[PDB]
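Right, I'll just put the structure down here and ask away after.
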Amino acid sequence: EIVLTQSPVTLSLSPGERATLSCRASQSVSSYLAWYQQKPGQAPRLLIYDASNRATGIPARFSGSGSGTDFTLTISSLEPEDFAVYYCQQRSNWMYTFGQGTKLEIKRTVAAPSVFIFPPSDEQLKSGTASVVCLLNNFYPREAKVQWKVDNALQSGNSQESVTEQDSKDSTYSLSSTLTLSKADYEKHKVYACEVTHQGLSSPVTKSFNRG
Amino acid sequence: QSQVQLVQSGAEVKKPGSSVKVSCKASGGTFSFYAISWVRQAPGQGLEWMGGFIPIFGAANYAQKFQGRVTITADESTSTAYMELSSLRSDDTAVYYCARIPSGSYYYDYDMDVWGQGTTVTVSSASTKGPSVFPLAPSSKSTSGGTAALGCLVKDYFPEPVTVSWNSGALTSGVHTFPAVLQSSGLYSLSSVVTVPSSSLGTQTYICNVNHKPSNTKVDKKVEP
Amino acid sequence: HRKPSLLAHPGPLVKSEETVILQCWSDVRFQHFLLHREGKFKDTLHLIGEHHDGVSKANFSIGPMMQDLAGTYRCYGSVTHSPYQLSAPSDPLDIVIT
Ligand SMILES: *[C@@H]1O[C@H](CO[C@@H]2O[C@@H](C)[C@@H](O)[C@@H](O)[C@@H]2O)[C@@H](O[C@@H]2O[C@H](CO)[C@@H](O[C@@H]3O[C@H](CO[C@H]4O[C@H](CO)[C@@H](O)[C@H](O)[C@@H]4O[C@@H]4O[C@H](CO)[C@@H](O)[C@H](O)[C@H]4NC(C)=O)[C@@H](O)[C@H](O[C@H]4O[C@H](CO)[C@@H](O)[C@H](O)[C@@H]4O)[C@@H]3O)[C@H](O)[C@H]2NC(C)=O)[C@H](O)[C@H]1NC(C)=O
């Protein structure tokens, strides 16, 4: 079956720059290629149909090109509203397979996170568990590494993190990692730390607490 | 740009191994000689085509990953479309979409695509459970740079969605409500933090406003100690 | 549900980068004319039938001839009463590149 592969995965460009996205098909679809845009929180919107024809109401800055296995979506003069996710979808021989997608994010100056750590609540400890939270606020690039260390021991499998979308003002991301431990294993130990590595950081930063 | 509009059925919560049937009712037109395409997007993942139905040719084309558990159909009126998914697995927890697209080319008189609002389907062996709101107390460990961090943990909840607001919506700037995460328990959990001036930590009253499906509203004050 | 008629002008055998007209008509007052191609890339083009003196016709214009627009062309017609229900397929017309 025809598999649509898109490149790049993430495009980090600045407002006003020309953008180029690529959709490659394992077998020819021959202009039966559609381009969609999904802004976060909304449904996908059709941009280009039949590989090159622009949909009704789409600004002329969006352009479609390609036939067979290679396709290109060009967005000249990136307007701030255009930074979103772009999918390509084949429309050949009654098969409408989608591509993996491509994230169009804003390339700003390097911003490093403000690291805050939160000890477990006394109400949650009565409930029987303990959850420690580390927060990385406002950073760019999105690539960051958080490592929990309990008494100098790297914890693996007990940490769940979630990242926020790029903010529409400072173009940064935020991360929140949570380490959940039983009331039995917590208390058995003392030092709880949170190591953070980022591009905007000359040295790794550690936020720690000692229970009591 | 087409006069046609699509409305889908409501959200659903099914158990692993059951079946769900989502409906797509058309307004201002019929599917006619167009094709019914269903797509699914899981939280954080991308768009996944499930299959299509061309009523004029009585043709149903499906994706290999769903071939065998998926059925796409429509009413003789060609006004309501239906997709039924069987052997439901937790991996099928996603939002499903229905689209009126052309069979192939948009040559000559063909209207632009029309999507529906979507349908959230959650497949889990868990039961409806209210969240537990715990404080993330501000401290020197969260107060550096003259800016202090303050937050709540909405832990152990099902099913989504959960709304979090600070001071009844009077605090929106600095507020970062992080996407929920699915734990091994099958229950969800989210965190929502807000950065406020370090001063005013003891003067200002910060309260979390959390609402959920099991008719649960939990307001929690966030004190400094 | 009566089969329409399909013709190609100037003919079914076409040269590369040349446009042809695939006329679809019938004495029945068909409101929608659908042309379906069978081949390397199947497709279904739609055209509103124009009811002139006696017949309702539709001039399907197959653009610059590429190997992808070649195949077996059959024609259908429907009434807006139920655009879902097509008629009987016309006799197949094979378009081949010279
Ligand atoms: C779908 O396509 C139909 C067929 O179009 C033709 O074939 C397609 C494949 C293409 O090649 C087209 O370019 C081609 O036109 C269309 O029907 C035709 O529309 C055209 C354009 O309006 C008509 O051409 C004009 O006809 C005028 C009328 O004269 C004809 O009709 C008289 C009766 O109505 C008849 O008495 C005449 O003898 C004449 O008949 C034509 O004879 C020639 C030669 O034998 C044949 O080749 C035609 O097929 C005959 N047409 C018939 C039988 O209908 C003319 O007056 C007019 O001439 C104009 O231009 C000249 C200069 O070139 C001027 O000098 C003159 O003053 C005038 O301005 C022109 O030829 C054509 O007749 C229509 N019918 C046919 C069968 O071709 C459909 O309209 C189209 N439908 C859609 C929705 O697009």
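The residues of chain C that appear here are 26-123 by Swiss-Prot count, in order.
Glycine residues also receive a Cβ, built from the backbone N, Cα and C atoms like all the rest.
In case it helps, Swiss-Prot gives these features for our protein:
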- C:42-107: domain 'Ig-like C2-type 1' (DOMAIN)
- C:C49-C:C100: disulfide bond (DISULFID)
- C:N84: N-linked glycosylation site (CARBOHYD)
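If you look at the structure here, what lies around each of the features I listed?
Secondary structure of the domain 'Ig-like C2-type 1' (C:42-107) per DSSP (helix as H, G, I; strand as E, B; remaining residues coil): 3 helix, 37 strand, 26 coil.
Long-range Cβ proximity for C:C49 (disulfide bond), meaning a same-chain Cβ under 8 A and a gap of 6 or more residues, is found for C:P29, C:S30, C:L31, C:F58, C:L60, C:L72, C:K82, C:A83, C:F85, C:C100, C:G102, C:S115.
Sequence-distant neighbours of C:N84 (N-linked glycosylation site) (same chain, six or more apart, CB under 8 Å from its CB) are C:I46, C:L47, C:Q48, C:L72, listed in sequence order.
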Taking ligand 1 as the reference, state which of the recorded positions C:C49, C:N84, C:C100 have a Cβ closer than 6 Å to one of its atoms.
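Cβ under 6 Å from ligand 1: C:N84.
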